[PDB]
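**Q** Input upload.cif, format and content: mmCIF, C-alpha atoms and all ligand atoms.
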```
data_start
loop_
_atom_site.label_atom_id
_atom_site.label_comp_id
_atom_site.auth_asym_id
_atom_site.auth_seq_id
_atom_site.Cartn_x
_atom_site.Cartn_y
_atom_site.Cartn_z
CA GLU A 1 0.00 0.00 0.00
CA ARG A 2 3.14 2.27 -0.62
CA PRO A 3 2.21 5.98 -1.09
CA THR A 4 3.18 8.04 -4.19
CA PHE A 5 6.06 10.53 -3.33
CA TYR A 6 6.90 14.02 -4.78
CA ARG A 7 10.25 15.93 -4.73
CA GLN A 8 11.00 19.63 -4.08
CA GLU A 9 14.03 21.78 -3.05
CA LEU A 10 13.74 22.97 0.61
CA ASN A 11 16.61 24.10 2.96
CA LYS A 12 18.90 23.71 -0.13
CA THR A 13 18.26 19.89 -0.22
CA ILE A 14 15.79 17.68 -2.21
CA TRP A 15 12.89 16.61 0.10
CA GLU A 16 10.95 13.56 -1.13
CA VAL A 17 7.68 12.98 0.83
CA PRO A 18 4.25 11.31 0.42
CA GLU A 19 1.52 13.33 -1.39
CA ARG A 20 -0.32 13.08 1.97
CA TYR A 21 1.81 16.09 3.17
CA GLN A 22 1.00 19.43 1.41
CA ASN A 23 2.25 23.08 1.60
CA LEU A 24 5.75 22.35 3.16
CA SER A 25 7.54 25.46 4.50
CA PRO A 26 10.75 25.67 6.64
CA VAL A 27 10.23 26.65 10.33
CA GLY A 28 12.57 27.54 13.24
CA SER A 29 15.44 29.19 11.24
CA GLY A 30 17.61 26.03 11.93
CA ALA A 31 16.87 25.88 15.72
CA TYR A 32 14.92 22.55 15.33
CA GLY A 33 17.20 20.99 12.68
CA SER A 34 15.96 20.63 9.07
CA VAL A 35 12.20 20.91 9.82
CA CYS A 36 9.19 22.02 7.69
CA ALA A 37 5.61 22.77 8.73
CA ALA A 38 3.07 20.91 6.51
CA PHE A 39 -0.70 20.29 6.12
CA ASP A 40 -1.70 16.65 6.79
CA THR A 41 -4.41 15.90 4.11
CA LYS A 42 -5.43 12.74 6.12
CA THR A 43 -6.42 14.63 9.33
CA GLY A 44 -6.76 18.33 8.25
CA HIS A 45 -4.21 19.36 10.98
CA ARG A 46 -0.71 20.92 10.62
CA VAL A 47 2.38 18.76 11.38
CA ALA A 48 6.18 19.14 11.64
CA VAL A 49 8.38 17.02 9.25
CA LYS A 50 12.11 16.54 10.22
CA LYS A 51 14.62 15.21 7.63
CA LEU A 52 17.62 13.50 9.34
CA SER A 53 21.16 14.65 8.31
CA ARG A 54 23.49 12.00 6.75
CA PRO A 55 21.82 9.24 8.85
CA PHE A 56 24.07 6.25 7.84
CA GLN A 57 27.37 8.10 7.06
CA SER A 58 29.22 6.43 10.00
CA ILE A 59 28.60 4.03 12.92
CA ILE A 60 28.02 7.10 15.24
CA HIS A 61 25.43 8.65 12.79
CA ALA A 62 23.68 5.28 12.32
CA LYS A 63 23.42 4.61 16.11
CA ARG A 64 22.15 8.25 16.67
CA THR A 65 19.48 7.66 13.98
CA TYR A 66 18.38 4.35 15.61
CA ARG A 67 18.32 5.95 19.15
CA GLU A 68 16.05 8.90 18.09
CA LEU A 69 13.57 6.58 16.24
CA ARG A 70 13.45 4.12 19.23
CA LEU A 71 12.83 7.01 21.73
CA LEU A 72 10.08 8.65 19.54
CA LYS A 73 8.35 5.27 18.86
CA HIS A 74 8.18 4.67 22.68
CA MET A 75 6.65 8.04 23.76
CA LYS A 76 2.82 7.73 24.17
CA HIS A 77 1.81 10.55 26.58
CA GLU A 78 -0.11 13.89 26.27
CA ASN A 79 2.82 15.94 27.69
CA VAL A 80 5.68 14.35 25.58
CA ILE A 81 6.22 14.77 21.81
CA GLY A 82 5.02 11.66 19.87
CA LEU A 83 5.55 10.07 16.43
CA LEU A 84 2.60 10.59 14.05
CA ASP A 85 4.48 8.96 11.09
CA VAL A 86 7.99 7.91 9.92
CA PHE A 87 8.79 7.30 6.16
CA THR A 88 11.55 6.79 3.56
CA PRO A 89 11.26 7.05 -0.26
CA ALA A 90 13.49 3.88 -0.41
CA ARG A 91 11.66 0.72 -1.70
CA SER A 92 14.30 -1.64 -0.14
CA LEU A 93 17.12 -1.87 2.45
CA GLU A 94 19.64 -1.59 -0.45
CA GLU A 95 18.45 1.96 -1.40
CA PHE A 96 17.62 3.07 2.21
CA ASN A 97 19.52 6.37 2.81
CA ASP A 98 16.94 8.95 4.12
CA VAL A 99 14.62 9.10 7.16
CA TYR A 100 11.78 11.58 7.84
CA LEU A 101 9.96 11.94 11.21
CA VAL A 102 6.46 13.51 11.61
CA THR A 103 5.20 15.13 14.89
CA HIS A 104 2.58 17.64 16.08
CA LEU A 105 3.36 21.25 15.08
CA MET A 106 3.53 23.32 18.32
CA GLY A 107 2.63 27.06 18.60
CA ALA A 108 5.25 28.69 20.91
CA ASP A 109 8.12 27.74 23.27
CA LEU A 110 8.16 28.89 26.93
CA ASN A 111 10.52 31.87 26.26
CA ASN A 112 7.71 33.15 23.84
CA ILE A 113 4.99 32.76 26.59
CA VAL A 114 7.10 34.57 29.32
CA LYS A 115 8.74 37.35 27.17
CA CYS A 116 10.45 38.80 30.31
CA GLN A 117 7.05 39.33 32.18
CA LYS A 118 5.63 37.47 35.19
CA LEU A 119 2.89 34.86 34.63
CA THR A 120 -0.05 34.56 37.07
CA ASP A 121 0.28 31.96 39.87
CA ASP A 122 -2.63 29.89 38.32
CA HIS A 123 -0.83 29.84 34.88
CA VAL A 124 2.46 28.74 36.57
CA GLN A 125 0.59 25.92 38.40
CA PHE A 126 -0.86 24.66 35.06
CA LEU A 127 2.48 24.83 33.09
CA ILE A 128 4.67 23.18 35.82
CA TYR A 129 1.95 20.54 36.52
CA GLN A 130 2.11 19.44 32.84
CA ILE A 131 6.00 19.34 32.79
CA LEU A 132 5.98 17.17 35.94
CA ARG A 133 3.25 14.88 34.51
CA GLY A 134 5.44 14.34 31.40
CA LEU A 135 8.57 13.78 33.57
CA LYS A 136 6.80 11.13 35.79
CA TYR A 137 6.14 9.25 32.50
CA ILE A 138 9.70 9.58 31.03
CA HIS A 139 11.42 8.75 34.37
CA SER A 140 9.19 5.61 34.84
CA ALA A 141 10.84 4.19 31.62
CA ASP A 142 14.37 4.96 33.13
CA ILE A 143 14.75 7.79 30.54
CA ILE A 144 16.38 11.06 31.77
CA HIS A 145 16.05 14.23 29.59
CA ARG A 146 19.28 15.92 30.90
CA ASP A 147 18.78 19.23 28.96
CA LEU A 148 15.39 20.66 30.05
CA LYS A 149 15.10 24.40 29.40
CA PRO A 150 12.42 26.87 28.12
CA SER A 151 13.43 26.32 24.44
CA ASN A 152 12.69 22.46 24.77
CA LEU A 153 9.07 23.06 26.19
CA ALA A 154 6.21 24.14 23.89
CA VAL A 155 2.47 24.82 23.97
CA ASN A 156 -0.58 25.21 21.69
CA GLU A 157 -3.11 28.14 22.04
CA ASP A 158 -5.07 26.15 24.76
CA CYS A 159 -1.73 26.17 26.73
CA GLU A 160 -1.46 22.32 26.41
CA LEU A 161 2.33 21.59 26.86
CA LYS A 162 4.73 18.94 25.38
CA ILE A 163 8.40 18.11 26.21
CA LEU A 164 10.76 17.88 23.15
CA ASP A 165 14.62 17.81 22.61
CA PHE A 166 16.15 19.96 19.82
CA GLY A 167 19.64 18.75 20.72
CA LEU A 168 21.24 15.30 20.48
CA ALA A 169 19.53 12.84 22.91
CA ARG A 170 22.12 11.66 25.52
CA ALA A 171 24.28 25.44 24.54
CA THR A 172 23.13 27.25 27.78
CA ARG A 173 24.17 26.12 31.28
CA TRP A 174 21.53 28.31 33.10
CA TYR A 175 19.25 25.25 33.85
CA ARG A 176 21.96 22.56 34.59
CA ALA A 177 22.18 20.80 38.00
CA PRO A 178 25.25 21.66 40.13
CA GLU A 179 26.44 17.98 40.39
CA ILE A 180 26.88 17.90 36.60
CA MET A 181 28.95 21.08 36.50
CA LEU A 182 31.08 19.81 39.52
CA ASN A 183 31.76 16.48 37.68
CA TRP A 184 30.41 14.48 40.70
CA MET A 185 29.53 11.61 38.28
CA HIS A 186 26.67 9.66 39.98
CA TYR A 187 23.65 11.47 38.42
CA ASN A 188 20.02 10.51 39.17
CA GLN A 189 16.70 11.45 37.46
CA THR A 190 16.39 14.55 39.76
CA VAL A 191 18.89 16.43 37.51
CA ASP A 192 15.63 17.11 35.52
CA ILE A 193 13.85 18.29 38.75
CA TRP A 194 16.65 20.93 39.26
CA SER A 195 15.91 22.25 35.73
CA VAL A 196 12.14 22.41 36.54
CA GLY A 197 12.86 24.43 39.70
CA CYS A 198 14.91 26.98 37.67
CA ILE A 199 12.09 27.20 35.02
CA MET A 200 9.32 27.62 37.68
CA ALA A 201 11.32 30.49 39.38
CA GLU A 202 11.66 32.22 35.95
CA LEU A 203 7.88 31.88 35.14
CA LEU A 204 7.01 33.49 38.53
CA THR A 205 9.61 36.38 38.47
CA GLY A 206 10.00 36.97 34.69
CA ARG A 207 13.84 36.70 35.13
CA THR A 208 16.51 33.99 34.86
CA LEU A 209 17.23 32.53 38.37
CA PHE A 210 21.00 31.73 37.77
CA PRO A 211 22.20 33.81 34.71
CA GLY A 212 25.93 32.85 34.94
CA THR A 213 28.47 34.58 32.65
CA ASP A 214 30.69 31.43 32.40
CA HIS A 215 31.13 27.99 34.08
CA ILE A 216 32.75 29.35 37.36
CA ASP A 217 30.15 32.16 37.68
CA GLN A 218 27.24 29.67 37.15
CA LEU A 219 28.40 27.57 40.19
CA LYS A 220 29.04 30.69 42.35
CA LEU A 221 25.43 31.97 41.69
CA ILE A 222 23.97 28.52 42.54
CA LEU A 223 25.96 28.15 45.84
CA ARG A 224 24.96 31.71 46.99
CA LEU A 225 21.28 30.58 47.01
CA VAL A 226 21.52 26.88 48.09
CA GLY A 227 24.66 27.19 50.29
CA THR A 228 28.03 25.38 50.80
CA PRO A 229 27.57 21.54 51.20
CA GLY A 230 26.34 20.35 54.64
CA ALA A 231 28.13 17.66 56.66
CA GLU A 232 25.80 14.85 55.36
CA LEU A 233 26.61 15.72 51.68
CA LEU A 234 30.46 16.12 52.25
CA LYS A 235 30.53 12.52 53.66
CA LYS A 236 29.37 11.28 50.18
CA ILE A 237 32.32 12.88 48.24
CA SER A 238 35.46 10.57 47.73
CA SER A 239 38.32 13.09 46.72
CA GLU A 240 39.85 15.61 49.17
CA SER A 241 40.53 17.78 46.06
CA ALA A 242 36.80 17.68 45.12
CA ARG A 243 35.69 18.54 48.75
CA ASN A 244 38.17 21.56 48.83
CA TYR A 245 36.99 22.78 45.42
CA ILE A 246 33.23 22.94 46.25
CA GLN A 247 33.99 24.69 49.58
CA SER A 248 36.24 27.25 47.81
CA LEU A 249 33.27 28.40 45.55
CA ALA A 250 30.96 28.73 48.65
CA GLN A 251 31.93 29.46 52.30
CA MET A 252 28.27 30.65 52.74
CA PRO A 253 24.93 29.46 54.16
CA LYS A 254 21.70 28.53 52.33
CA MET A 255 19.33 31.54 51.97
CA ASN A 256 15.64 31.22 53.05
CA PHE A 257 13.69 31.22 49.73
CA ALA A 258 10.81 33.15 51.42
CA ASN A 259 13.36 36.13 51.47
CA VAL A 260 14.08 35.71 47.68
CA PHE A 261 10.62 35.19 46.06
CA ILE A 262 8.80 38.19 47.71
CA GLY A 263 5.00 38.21 47.01
CA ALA A 264 4.91 34.56 45.80
CA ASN A 265 2.34 31.96 46.89
CA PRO A 266 3.88 30.35 50.02
CA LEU A 267 3.12 26.84 48.51
CA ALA A 268 5.20 27.88 45.43
CA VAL A 269 8.14 28.83 47.71
CA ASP A 270 7.89 25.49 49.69
CA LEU A 271 7.96 23.49 46.38
CA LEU A 272 10.97 25.52 45.03
CA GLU A 273 12.84 24.68 48.35
CA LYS A 274 12.23 20.94 47.74
CA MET A 275 13.32 21.12 44.04
CA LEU A 276 16.53 23.27 44.48
CA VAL A 277 18.33 21.07 47.07
CA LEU A 278 22.05 20.70 46.54
CA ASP A 279 22.12 16.99 47.64
CA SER A 280 20.33 15.21 44.72
CA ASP A 281 19.48 12.26 47.12
CA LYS A 282 17.18 14.70 49.06
CA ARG A 283 15.57 16.40 45.96
CA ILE A 284 11.83 15.83 45.41
CA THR A 285 10.82 13.35 42.62
CA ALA A 286 8.31 14.07 39.77
CA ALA A 287 5.71 11.70 41.39
CA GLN A 288 6.19 13.35 44.83
CA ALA A 289 5.95 16.87 43.32
CA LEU A 290 2.58 16.02 41.58
CA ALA A 291 1.09 15.29 45.09
CA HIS A 292 2.33 18.66 46.58
CA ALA A 293 -0.51 21.03 47.73
CA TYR A 294 0.65 23.68 45.15
CA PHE A 295 -1.13 21.57 42.38
CA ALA A 296 -4.42 20.84 44.27
CA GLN A 297 -6.62 22.34 41.46
CA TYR A 298 -5.03 20.13 38.69
CA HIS A 299 -3.76 16.88 40.44
CA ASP A 300 -5.64 13.65 39.53
CA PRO A 301 -3.83 10.56 40.90
CA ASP A 302 -5.88 8.40 38.43
CA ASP A 303 -4.68 10.34 35.29
CA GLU A 304 -0.88 10.61 35.84
CA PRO A 305 0.15 7.51 33.90
CA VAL A 306 3.49 5.59 33.71
CA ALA A 307 5.31 4.21 30.66
CA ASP A 308 5.74 0.66 29.29
CA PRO A 309 9.33 -0.57 29.96
CA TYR A 310 11.94 0.71 27.44
CA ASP A 311 14.70 -1.74 26.36
CA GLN A 312 17.88 0.44 26.36
CA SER A 313 20.36 -2.53 26.07
CA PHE A 314 21.34 -1.43 22.49
CA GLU A 315 23.25 1.46 24.16
CA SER A 316 25.88 -1.10 25.43
CA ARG A 317 26.40 -2.74 21.98
CA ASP A 318 29.18 -2.38 19.31
CA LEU A 319 27.64 -3.19 15.92
CA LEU A 320 28.63 -2.66 12.27
CA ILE A 321 27.22 0.24 10.26
CA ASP A 322 24.95 -2.09 8.11
CA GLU A 323 23.53 -3.65 11.36
CA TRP A 324 22.45 -0.25 12.80
CA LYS A 325 20.97 0.61 9.33
CA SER A 326 19.01 -2.75 9.16
CA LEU A 327 17.68 -2.32 12.79
CA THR A 328 16.51 1.20 11.80
CA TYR A 329 14.82 -0.07 8.54
CA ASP A 330 12.95 -2.80 10.53
CA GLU A 331 11.64 -0.10 13.01
CA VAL A 332 10.33 2.05 10.04
CA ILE A 333 8.56 -1.04 8.51
CA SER A 334 6.97 -2.09 11.89
CA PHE A 335 5.57 1.42 12.74
CA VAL A 336 1.80 1.49 13.57
CA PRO A 337 0.21 4.95 13.51
CA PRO A 338 -1.75 6.23 16.50
CA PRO A 339 -5.61 6.28 16.26
CA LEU A 340 -7.47 9.08 14.33
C1 LIG B 401 6.86 24.88 15.31
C2 LIG B 401 7.28 25.06 16.74
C3 LIG B 401 7.13 26.31 17.36
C4 LIG B 401 7.57 26.52 18.66
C5 LIG B 401 8.17 25.49 19.36
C6 LIG B 401 8.33 24.25 18.77
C7 LIG B 401 7.87 24.05 17.47
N1 LIG B 401 7.98 22.74 16.89
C8 LIG B 401 9.09 22.11 16.46
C9 LIG B 401 8.72 20.80 16.16
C10 LIG B 401 9.67 19.76 15.70
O1 LIG B 401 10.83 20.05 15.42
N2 LIG B 401 9.18 18.53 15.54
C11 LIG B 401 9.96 17.48 14.92
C12 LIG B 401 10.73 16.61 15.85
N3 LIG B 401 11.37 15.54 15.45
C13 LIG B 401 12.07 14.99 16.53
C14 LIG B 401 11.91 15.62 17.72
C15 LIG B 401 12.50 15.32 19.06
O2 LIG B 401 12.13 15.91 20.06
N4 LIG B 401 13.52 14.44 19.07
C16 LIG B 401 14.11 13.95 20.33
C17 LIG B 401 13.35 12.68 20.76
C18 LIG B 401 13.65 12.11 22.12
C19 LIG B 401 13.28 12.97 23.37
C20 LIG B 401 13.56 12.19 24.65
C21 LIG B 401 13.22 12.99 25.90
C22 LIG B 401 11.80 13.45 25.89
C23 LIG B 401 11.51 14.27 24.65
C24 LIG B 401 11.83 13.46 23.38
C25 LIG B 401 15.62 13.72 20.13
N5 LIG B 401 16.40 14.81 20.13
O3 LIG B 401 16.05 12.59 19.88
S1 LIG B 401 10.87 16.99 17.56
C26 LIG B 401 7.33 20.77 16.41
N6 LIG B 401 6.87 21.93 16.83
#
```
Would you put the structure from the file into structure tokens?

**A**
Amino acid sequence: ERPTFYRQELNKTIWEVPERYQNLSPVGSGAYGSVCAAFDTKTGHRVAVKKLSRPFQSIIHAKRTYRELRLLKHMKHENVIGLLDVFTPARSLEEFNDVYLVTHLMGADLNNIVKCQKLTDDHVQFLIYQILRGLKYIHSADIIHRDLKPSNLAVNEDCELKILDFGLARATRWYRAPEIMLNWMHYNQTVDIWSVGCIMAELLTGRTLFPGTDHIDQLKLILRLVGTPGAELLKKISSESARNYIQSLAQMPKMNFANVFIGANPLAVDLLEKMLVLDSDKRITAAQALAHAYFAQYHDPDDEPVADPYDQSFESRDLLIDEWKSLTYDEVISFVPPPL
């Protein structure tokens, strides 16, 4: 039942796509990759079409291609980007050299909702609720985002939010957890919870919480708010050199957040305290945060679903370039679209 394709020049390359997709036009000025908006003649809705770059040039390109298709095929949740379609003009494995991914077309990213102005407390509740609902789902599959920031979060006009990643699945360091920038090495899923705390502060105040000029300055701004490590945290660091280094960027106590977020909802301030903890073993989880009193008007414990298990064992394998290309071809052929 193979569709009829048509060719055109877009982004100075030949795009070849099913006649299903009409009125292609480049969007994002390069910020999303090679992406066009299009009209889906099957549904009457607009979609985003991404063309992958040199997908089987090398073992590293081939494994990156496979990884992104496996992640997108897994994600089935309202608050996470999903795969509407995946296609290739190739009629066989022999001629397989191009991959196209189709998602929802979003309206605006969170920088374009905030625009350096405060949001209302009710609007902040609704946005952060949806990010946490998405993160409960991703974390339940043992997937960590690792680069959450306003540019990777997007809404429609009804303010319905989805999580995406415009980088390489694993630019600015303003949203990065302190353990990552201190090279502490034993990361857990609450690196994403740190990023959510920074984003929530920014929605409430209209300003960046930790706008560091450089790597050193980023850590000094963090430690001025959250303080020098306590005795319980220092006991979990191996190297004398690492313990000296963190203490040399601090020598200062944790501030009370009630003194920093003047005018804010006291439940907002309590939740920010539980997200922005230096010791990642003591940081609140996505599931715990959804039950916090700050989200009473939105929380439904019966509609905060978890993921099917995600087999990540390919990440440990060393395969030949034609093997990664064949595994990718099989995943295109096996795709089942979501319901109309
Ligand atoms: C028009 C607009 C306006 C304002 C903001 C955003 C948008 N906008 C851009 C797209 C888009 O590029 N869609 C095509 C895509 N293919 C692939 C995508 C993607 O997110 N891969 C991830 C997938 C895996 C992650 C895993 C963590 C959770 C999020 C998905 C990756 N880098 O491998 S997104 C849709 N809407």

**Q** Enumerate as a list in words the residues within 6 Å of ligand LIG 401 (chain B), counting all atoms listed in the file.

**A**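 So, counting all atoms listed in the file, the residues near ligand LIG 401 (chain B) are residues 32, 35, 48, 49, 50, 68, 71, 72, 80, 81, 101, 103, 104, 105, 106, 107, 108, 109, 145, 154, 163, 164, 165, 166, 167, 168 and 169 of chain A.
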
**Q** Report the distance between CA of residue 150 (chain A) and CA of residue 199 (chain A) in Å, rounded to one decimal place.

**A**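 Result for CA of residue 150 (chain A) versus CA of residue 199 (chain A): 6.9 Å, one decimal.
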
**Q** Report as a count of residues only all protein, DNA and RNA residues lying within 12 Å of residue 112 (chain A), evaluated on all atoms listed in the file, omitting residues in the same chain fewer than 2 positions from it.

**A** 18

**Q** With all atoms listed in the file as the basis for distance, which of A:70, A:230, A:186, A:37 is at the shortest distance from residue 313 (chain A)?

**A**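 Ranked by minimum distance to residue 313 (chain A), first place goes to A:70.
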
**Q** If we count all atoms listed in the file and set the cut-off at 12 Å, which residues sit around residue 54 (chain A), ignoring sequence neighbours fewer than 3 positions away in its own chain? Please answer as number ranges by chain.

**A** A: 13, 34, 51, 57-65, 96-100, 325

**Q** Save the residues we just selected, C-alpha atoms, as a compact mmCIF listing (two decimals), in the frame of the given file?

**A**
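This is the output file out29.txt:
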```txt
# COMPACT_ATOMS: atom_id res chain seq x y z
CA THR A 13 18.26 19.89 -0.22
CA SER A 34 15.96 20.63 9.07
CA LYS A 51 14.62 15.21 7.63
CA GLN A 57 27.37 8.10 7.06
CA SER A 58 29.22 6.43 10.00
CA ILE A 59 28.60 4.03 12.92
CA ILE A 60 28.02 7.10 15.24
CA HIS A 61 25.43 8.65 12.79
CA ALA A 62 23.68 5.28 12.32
CA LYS A 63 23.42 4.61 16.11
CA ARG A 64 22.15 8.25 16.67
CA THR A 65 19.48 7.66 13.98
CA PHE A 96 17.62 3.07 2.21
CA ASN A 97 19.52 6.37 2.81
CA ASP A 98 16.94 8.95 4.12
CA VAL A 99 14.62 9.10 7.16
CA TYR A 100 11.78 11.58 7.84
CA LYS A 325 20.97 0.61 9.33
```

**Q** Could you pull the residues within 12 Å of residue 280 (chain A), counting all atoms listed in the file, minus those fewer than 4 positions along the same chain, as a ChimeraX atom specification?

**A** /A:177-180,184-194,229,232-233,236,274-276,284-285

**Q** Counting all atoms listed in the file, which residue out of A:147, A:279, A:40, A:121 sits closest to residue 201 (chain A)?

**A** A:121

**Q** Select, from A:11, A:319, A:76, A:149, the residue with the minimum atom-to-atom distance to residue 53 (chain A), counting all atoms listed in the file.

**A**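 Smallest distance to residue 53 (chain A) is found for A:11.
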
**Q** Write out as a PyMOL selection string the residues lying within 12 Å of residue 246 (chain A), counting all atoms listed in the file and excluding same-chain residues fewer than 2 positions away.

**A** chain A and resi 178-179+181-184+216+219-220+222-223+227-230+233-234+237+239-244+248-252+278

**Q** Out of A:85, A:9, A:1, A:311, which residue has the shortest atom-to-atom distance to residue 332 (chain A) when counting only C-alpha atoms?

**A** A:85
